[PDB]
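Novice: Please find one structure pasted underneath; my questions will follow.
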Amino acid sequence: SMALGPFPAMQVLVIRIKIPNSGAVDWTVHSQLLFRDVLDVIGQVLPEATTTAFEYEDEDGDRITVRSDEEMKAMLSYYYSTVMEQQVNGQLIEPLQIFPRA
Amino acid sequence: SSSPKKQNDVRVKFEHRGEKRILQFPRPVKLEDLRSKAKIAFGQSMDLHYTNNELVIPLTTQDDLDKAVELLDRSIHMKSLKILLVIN
């Protein structure tokens with residue numbers, strides 16, 4: 001007999017943390033990613049700021065602020081859906097870019 | 001079958017004082033769900049207004065919201081329900 005197996009979210013996750021006037025750090029995430037853990041990495045790479053949140057760009061080109069795990073999940077879900085569209089067309093996949101926010 | 005029959009969640013994009021937030025809402029979505037999540041998100045009880053491009057309209061009843069979700073579900077060009085939040 002045949003059944004559908006799992007469709008993975010996506011193939012490794014890269015979060016590009018863009019740092020003001022300083023460059024970017026590409027964090028390759030090992031496979032749940034928690035909001036807390038993202039803030040912790042931001043605090044390592046941007047150590048002389050305090051970071052309570054970050055932003056990403058949505059499909060409308062708007063900057064969306066993330067302050068919670070539920071918001072993280074909505075960001076990731078959108079990202080994964082974009083990556084899956086591009087994977088199927090052989091388009092270049094770009095990392096998930098975030099912008100630390102005071 | 002004894003597993004859940006998930007429908008599509010409603011992706012909502014809230015805006016308040018220049019800050020935007022995206023949250024997914026399980027169906028059926030209720031006005032009070034939107035209000036309570038907007039309170040968690042911005043710290044105050046909000047008035048809720050639907051927005052599409054230049055149009056803004058208050059969402060005051062469950063029926064108003066239902067109309068807005070319908071528009072979103074038939075709109076191949078929109079991927080979120082845009083809700084402008086005003087204090088009160």
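Here's how to read the names in the structure tokens: chain A, B, ... by the order shown, residue numbers from 1 in each chain, ligand numbers from 1 in the order shown.
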Residues of chain B within 6 Å of chain A: nearest atom pair and distance (Å, one decimal) for each, counting only C-alpha atoms, sorted by chain and number, as a tab-separated table?
Specialist:
residue	atom	partner	partner_atom	distance
B:20	CA	A:64	CA	4.9
B:21	CA	A:64	CA	5.3
B:23	CA	A:71	CA	5.6
Novice: Would you please extract all strand (DSSP E or B) residues from chain A, as assigned by DSSP on the backbone, and give them as a PyMOL selection string?
Specialist: chain A and resi 13-19+23-29+53-57+63-66+96-101
Novice: For the residues in that selection, give me N, CA and C atoms as a PDB file, in the first residue's frame.
Specialist:
ATOM      1  N   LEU A  13      17.843  26.222   7.049  1.00  0.00           N
ATOM      2  CA  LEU A  13      17.399  27.605   7.266  1.00  0.00           C
ATOM      3  C   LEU A  13      18.610  28.477   7.563  1.00  0.00           C
ATOM      4  N   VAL A  14      18.755  29.536   6.778  1.00  0.00           N
ATOM      5  CA  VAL A  14      19.713  30.588   7.019  1.00  0.00           C
ATOM      6  C   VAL A  14      18.942  31.875   7.369  1.00  0.00           C
ATOM      7  N   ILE A  15      19.221  32.424   8.538  1.00  0.00           N
ATOM      8  CA  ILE A  15      18.728  33.738   8.941  1.00  0.00           C
ATOM      9  C   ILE A  15      19.868  34.746   8.767  1.00  0.00           C
ATOM     10  N   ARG A  16      19.653  35.726   7.880  1.00  0.00           N
ATOM     11  CA  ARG A  16      20.622  36.787   7.659  1.00  0.00           C
ATOM     12  C   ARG A  16      20.287  37.940   8.590  1.00  0.00           C
ATOM     13  N   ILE A  17      21.128  38.175   9.601  1.00  0.00           N
ATOM     14  CA  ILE A  17      20.885  39.255  10.568  1.00  0.00           C
ATOM     15  C   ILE A  17      21.625  40.490  10.032  1.00  0.00           C
ATOM     16  N   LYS A  18      20.877  41.437   9.492  1.00  0.00           N
ATOM     17  CA  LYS A  18      21.471  42.641   8.921  1.00  0.00           C
ATOM     18  C   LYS A  18      21.753  43.684  10.020  1.00  0.00           C
ATOM     19  N   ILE A  19      23.017  44.095  10.124  1.00  0.00           N
ATOM     20  CA  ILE A  19      23.464  44.982  11.190  1.00  0.00           C
ATOM     21  C   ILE A  19      23.716  46.394  10.653  1.00  0.00           C
ATOM     22  N   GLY A  23      27.397  45.325   8.437  1.00  0.00           N
ATOM     23  CA  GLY A  23      27.448  44.169   7.559  1.00  0.00           C
ATOM     24  C   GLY A  23      26.231  43.294   7.884  1.00  0.00           C
ATOM     25  N   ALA A  24      26.387  42.004   7.668  1.00  0.00           N
ATOM     26  CA  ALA A  24      25.357  41.008   7.982  1.00  0.00           C
ATOM     27  C   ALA A  24      26.044  39.713   8.458  1.00  0.00           C
ATOM     28  N   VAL A  25      25.338  38.997   9.322  1.00  0.00           N
ATOM     29  CA  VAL A  25      25.782  37.683   9.830  1.00  0.00           C
ATOM     30  C   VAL A  25      24.737  36.662   9.363  1.00  0.00           C
ATOM     31  N   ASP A  26      25.220  35.644   8.669  1.00  0.00           N
ATOM     32  CA  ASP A  26      24.383  34.550   8.182  1.00  0.00           C
ATOM     33  C   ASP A  26      24.458  33.410   9.185  1.00  0.00           C
ATOM     34  N   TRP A  27      23.337  33.185   9.875  1.00  0.00           N
ATOM     35  CA  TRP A  27      23.233  32.165  10.882  1.00  0.00           C
ATOM     36  C   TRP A  27      22.496  30.958  10.287  1.00  0.00           C
ATOM     37  N   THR A  28      23.212  29.863  10.150  1.00  0.00           N
ATOM     38  CA  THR A  28      22.624  28.616   9.663  1.00  0.00           C
ATOM     39  C   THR A  28      22.027  27.867  10.838  1.00  0.00           C
ATOM     40  N   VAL A  29      20.707  27.695  10.810  1.00  0.00           N
ATOM     41  CA  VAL A  29      19.961  27.188  11.948  1.00  0.00           C
ATOM     42  C   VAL A  29      19.806  25.681  11.822  1.00  0.00           C
ATOM     43  N   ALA A  53      13.452  43.259  19.917  1.00  0.00           N
ATOM     44  CA  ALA A  53      12.663  42.779  18.792  1.00  0.00           C
ATOM     45  C   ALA A  53      13.473  42.794  17.489  1.00  0.00           C
ATOM     46  N   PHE A  54      12.866  42.285  16.437  1.00  0.00           N
ATOM     47  CA  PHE A  54      13.434  42.481  15.103  1.00  0.00           C
ATOM     48  C   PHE A  54      12.336  42.576  14.058  1.00  0.00           C
ATOM     49  N   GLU A  55      12.724  43.023  12.876  1.00  0.00           N
ATOM     50  CA  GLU A  55      11.833  43.164  11.748  1.00  0.00           C
ATOM     51  C   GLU A  55      12.187  42.236  10.572  1.00  0.00           C
ATOM     52  N   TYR A  56      11.185  41.915   9.761  1.00  0.00           N
ATOM     53  CA  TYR A  56      11.400  41.299   8.472  1.00  0.00           C
ATOM     54  C   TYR A  56      10.516  42.004   7.450  1.00  0.00           C
ATOM     55  N   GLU A  57      10.789  41.763   6.182  1.00  0.00           N
ATOM     56  CA  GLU A  57       9.987  42.342   5.089  1.00  0.00           C
ATOM     57  C   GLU A  57       8.984  41.321   4.582  1.00  0.00           C
ATOM     58  N   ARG A  63       7.881  46.440   6.514  1.00  0.00           N
ATOM     59  CA  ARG A  63       8.617  45.968   7.675  1.00  0.00           C
ATOM     60  C   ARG A  63       7.642  45.569   8.792  1.00  0.00           C
ATOM     61  N   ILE A  64       7.718  44.290   9.151  1.00  0.00           N
ATOM     62  CA  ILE A  64       6.915  43.659  10.170  1.00  0.00           C
ATOM     63  C   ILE A  64       7.808  43.405  11.385  1.00  0.00           C
ATOM     64  N   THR A  65       7.330  43.863  12.531  1.00  0.00           N
ATOM     65  CA  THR A  65       8.024  43.664  13.807  1.00  0.00           C
ATOM     66  C   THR A  65       7.581  42.336  14.452  1.00  0.00           C
ATOM     67  N   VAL A  66       8.557  41.618  15.008  1.00  0.00           N
ATOM     68  CA  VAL A  66       8.300  40.351  15.675  1.00  0.00           C
ATOM     69  C   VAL A  66       8.679  40.539  17.167  1.00  0.00           C
ATOM     70  N   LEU A  96      16.439  34.190   5.057  1.00  0.00           N
ATOM     71  CA  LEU A  96      15.433  34.974   5.758  1.00  0.00           C
ATOM     72  C   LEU A  96      16.145  36.122   6.446  1.00  0.00           C
ATOM     73  N   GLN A  97      15.897  37.331   5.964  1.00  0.00           N
ATOM     74  CA  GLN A  97      16.617  38.496   6.440  1.00  0.00           C
ATOM     75  C   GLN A  97      15.830  39.208   7.537  1.00  0.00           C
ATOM     76  N   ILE A  98      16.515  39.458   8.652  1.00  0.00           N
ATOM     77  CA  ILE A  98      15.975  40.208   9.773  1.00  0.00           C
ATOM     78  C   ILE A  98      16.833  41.409  10.168  1.00  0.00           C
ATOM     79  N   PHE A  99      16.161  42.380  10.775  1.00  0.00           N
ATOM     80  CA  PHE A  99      16.714  43.665  11.129  1.00  0.00           C
ATOM     81  C   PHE A  99      16.488  43.885  12.630  1.00  0.00           C
ATOM     82  N   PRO A 100      17.553  43.854  13.441  1.00  0.00           N
ATOM     83  CA  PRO A 100      17.333  44.098  14.886  1.00  0.00           C
ATOM     84  C   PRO A 100      16.695  45.461  15.179  1.00  0.00           C
ATOM     85  N   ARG A 101      15.867  45.466  16.202  1.00  0.00           N
ATOM     86  CA  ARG A 101      15.060  46.597  16.561  1.00  0.00           C
ATOM     87  C   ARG A 101      15.221  46.868  18.045  1.00  0.00           C
TER      88      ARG A 101
END
Novice: Can you list, as a list in words, every protein, DNA or RNA residue that comes within 8 Å of segment 37-54 of chain B when you count only C-alpha atoms, leaving out same-chain residues fewer than 4 positions away?
Specialist: residues 14, 16, 33, 58, 59, 60, 68, 81, 82, 83, 84, 85, 86, 87 and 88 of chain B
Novice: Of the candidates A:49, A:3, A:12, A:76, which one gets nearest to residue 35 of chain A if we count only C-alpha atoms?
Specialist: A:76
Novice: Among chain A, which residues carry a DSSP assignment of helix (DSSP H, G or I), reported as a ChimeraX atom specification?
Specialist: /A:35-45,69-87
Novice: Counting only C-alpha atoms, what is within 7 Å of residue 11 of chain B, bar same-chain residues fewer than 2 positions away, as a short mmCIF file (atom, residue, chain, number, x, y, z; two decimals) with N, CA, C and O atoms, in the first residue's frame?
Specialist:
data_model
loop_
_atom_site.label_atom_id
_atom_site.label_comp_id
_atom_site.auth_asym_id
_atom_site.auth_seq_id
_atom_site.Cartn_x
_atom_site.Cartn_y
_atom_site.Cartn_z
N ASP B 9 -5.66 28.95 8.22
CA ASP B 9 -5.71 30.08 9.19
C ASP B 9 -5.79 31.40 8.43
O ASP B 9 -5.43 31.48 7.25
N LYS B 13 -2.53 41.24 9.34
CA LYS B 13 -1.48 42.24 9.48
C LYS B 13 -2.05 43.47 10.17
O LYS B 13 -2.84 44.28 9.59
N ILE B 22 2.30 40.59 12.15
CA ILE B 22 1.50 39.53 11.52
C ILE B 22 1.26 38.34 12.46
O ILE B 22 2.21 37.76 13.03
N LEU B 23 -0.01 37.96 12.59
CA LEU B 23 -0.45 36.84 13.37
C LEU B 23 -1.42 35.99 12.56
O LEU B 23 -2.16 36.49 11.72
N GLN B 24 -1.40 34.69 12.81
CA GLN B 24 -2.34 33.78 12.17
C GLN B 24 -3.46 33.48 13.14
O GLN B 24 -3.22 33.19 14.36
N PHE B 25 -4.68 33.56 12.62
CA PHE B 25 -5.86 33.30 13.39
C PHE B 25 -6.58 32.07 12.90
O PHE B 25 -6.89 31.95 11.71
N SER B 80 -2.81 38.78 3.25
CA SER B 80 -3.19 39.08 4.64
C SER B 80 -4.38 40.03 4.75
O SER B 80 -4.65 40.84 3.86
N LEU B 81 -5.07 39.94 5.88
CA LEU B 81 -6.16 40.86 6.23
C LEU B 81 -5.55 42.03 6.99
O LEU B 81 -5.02 41.85 8.10
#
Novice: Find the residues around segment 84-91 of chain A up to 10 Å (only C-alpha atoms counted), leave out those fewer than 6 positions away in its own chain, and share them as a list in words.
Specialist: residues 8, 9, 10 and 11 of chain A
Novice: Interatomic distance between atom CA of residue 69 of chain B and atom CA of residue 28 of chain B?
Specialist: 9.6 Å
